[PDB]
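What follows is a short report on a single structure.
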Ligand SMILES: [Ca+2]
């Protein structure tokens, strides 16, 4: 159900905006599909890229390049349906994270990745949900730290709601 | 942090709107404190009070009257801060529900309340949060049905996110 | 009370049970069931001039204000 003029303007982005930099992901936002946070994703991670170590910086550069390149190339025959858009975006995220070794950067910067994740942003946008889903399968200590952090923010922002959702 | 003009218009609405109807809770919407759904509460539950049994209708009318009357009277010298407003709103909701026997009436119409409750509604508004929190404390069968429903819609609108948040 | 003709009067066949109207008469809630001449036309909840709030709220609101939830009381000024 994506708008045709939205398709035209987004392909104008991809043909004009270069892969390096968030501008491609800058204008992926405000789409009809309401798949938001890519602005937030790129801004937050590039703000905190310095806090990431050298391996973290290498991983974030590789992941940003992969995301831009794959979302430029694979944006072809995808159907107009927004759920399909989100589904293919999820596959692109998964591939870019898995083949660029996100989990090791998670071990090396457990505190940092805890720092970026904010419960409001996790609730609002799907890509953060995908990130935390992969985080919970990227290391026992890392998944434990992520669960502790999400419990802390969940409780402090939702009151008894957090225990209501967390039966166990 | 509630605006003074907002305070004046809300007290004008309260002194103008009667005990019955959505008028009391209609003006309460669109406030600076972002506590929403009160107009939705009145609108939906006055839709569905017919589906409620006779005791359900009596309870729902009594609860609406209690909410309007108490929220009008106790809206006195509370501080301008929204968190206090939300706290007192939740307190009044739970007080009216307990004094009008929400639990047994919900037990008689578990399926109906399952029908009204929506994942987006609980995701958006704290009032319905208070309602469902009390509902999970209103009967083992009722809480089980509410948990089944909330899991169903939460996984419908979240997919694997709902499962990964509901650890066990 | 049975008469001398060995027949019940009033005859049970002529008598039948019709669903009554809810105790909601006079509660300012205009429901179609109570809005009948049998019970005070909902106690005046379905006529704006009669309801003490001087405004009719149908129960539920989906009920049409001009249908069965309309003012059915002839003595009301709206009918006049
Ligand atoms: Ca009535």
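We did not get these values from a lab; they are worked out from the coordinates using the rules stated. Note: ideal-geometry Cβ built from the backbone for every residue, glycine included; neighbour counts use all protein chains shown.
Can you tell me the order of B:44-51, B:77-84 when each peptide is scored by its average per-residue count of other Cβ atoms within 10 angstrom, highest first? Spell out each step's value before the answer.
Numbers: B:44-51: 17.1, B:77-84: 11.2.
My ranking of the peptides, most packed first, is B:44-51, B:77-84.
Starting from the Cα gyration tensor of the protein assembly as shown, multiply each eigenvalue by 5, take the square root, and state the resulting semi-axes largest first in whole Å.
Working: eigenvalues 619, 110, 108 Å².
Three semi-axes, in Å: 56, 23, 23.
Please work out whether region B:83-168 counts as rounded, prolate or oblate from its C-alpha gyration tensor, where a ≥ b ≥ c are the square roots of the eigenvalues and a/c under 1.5 means rounded, while otherwise a/b larger than b/c means prolate and anything else oblate?
Verdict is oblate for region B:83-168.
If I take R0 = 30 Å and measure r between the Cβ atoms of residue B:103 and residue B:168 in this structure, what FRET efficiency does the formula 1/(1 + (r/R0)^6) give, to the nearest 0.05? Kindly include the intermediate steps, with their values, before the conclusion.
Working: r = 27 Å, r/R0 = 0.89.
Between residue B:103 and residue B:168 the formula returns 0.65.
According to the square roots a ≥ b ≥ c of the eigenvalues of the Cα gyration tensor, what is the shape class of region B:83-131, taking rounded for a/c under 1.5, prolate for a/b larger than b/c otherwise, and oblate for the remainder? In terms of gyration-tensor shape, oblate. Sequence-distant contacts, meaning Cα pairs under 8 Å at least 6 residues apart, place the relative contact order of chain A at 21 percent.
Distances between equivalent label points of residue A:148 across the copies, with each point positioned 7 Å along Cα→Cβ, amount to 3.8 nm, shortest listed first. Extension gain, residue B:34 to residue B:65, is 8.9 nm, computed as 0.36 nm per intervening residue step minus the present C-alpha separation. Taking every DSSP helix (H) stretch of at least 4 residues in chain A, weighting each as -39,500 (n - 2.57) and dividing the sum by the residue count yields a mean residue ellipticity at 222 nm of -21500 deg cm²/dmol.
Peptide B:158-168 has a mean of 5 when you count, residue by residue, the C-beta atoms of other protein chains within 10 Å of its C-beta.
Both the radius of gyration and Dmax for region B:1-151 are 15.3, 46 Å, in that order, over alpha-carbon atoms.
Three semi-axes describe the equivalent ellipsoid of chain C; taken as square roots of 5 times the Cα gyration tensor eigenvalues and ordered largest first, they are 35, 13, 10 Å. Counting Cβ atoms of other protein chains within 10 Å of each residue's Cβ and taking the mean over peptide A:41-54 gives 0.
Two numbers describe the Cα atoms of region C:15-56: Rg and Dmax, which are 10.7, 39 Å.
For residue B:118, the distances from its label point to the matching points in the remaining copies are 2.8 nm, ordered from shortest, with each point set 7 Å beyond Cα toward Cβ.
For the pair residue C:18 and residue B:77, label points projected 7 Å from Cα toward Cβ lie 5.8 nm apart. How much mean residue ellipticity at 222 nm does chain C get from its helices, if each DSSP H run of length 4 or more adds -39500 (n - 2.57) and you divide by all residues, to the nearest 500 deg cm²/dmol? My calculation for chain C gives -500 deg cm²/dmol from helical runs alone. Computed over region A:33-73, the quotient of the alpha carbon radius of gyration and 2.2 N^0.38 Å is 1.25.
Taking the highest mean first, how do the peptides A:118-129, B:3-14 order by number of other beta carbon atoms within 10 angstrom per residue?
A:118-129, B:3-14
Sorted shortest first, the separations between the residue A:21 label point and its copies elsewhere in the assembly read 5.8 nm; each point sits 7 Å from Cα along the Cα-to-Cβ line. Among B:167, A:75, the order by Cβ neighbours within 10 angstrom, fewest to most, reads B:167, A:75.
Over all residues in B:59-65, what is the mean tally of Cβ atoms on other chains that come within 10 Å of each residue's Cβ?
Working: counts 0, 0, 5, 0, 0, 0, 1.
The per-residue average across the peptide is 1.
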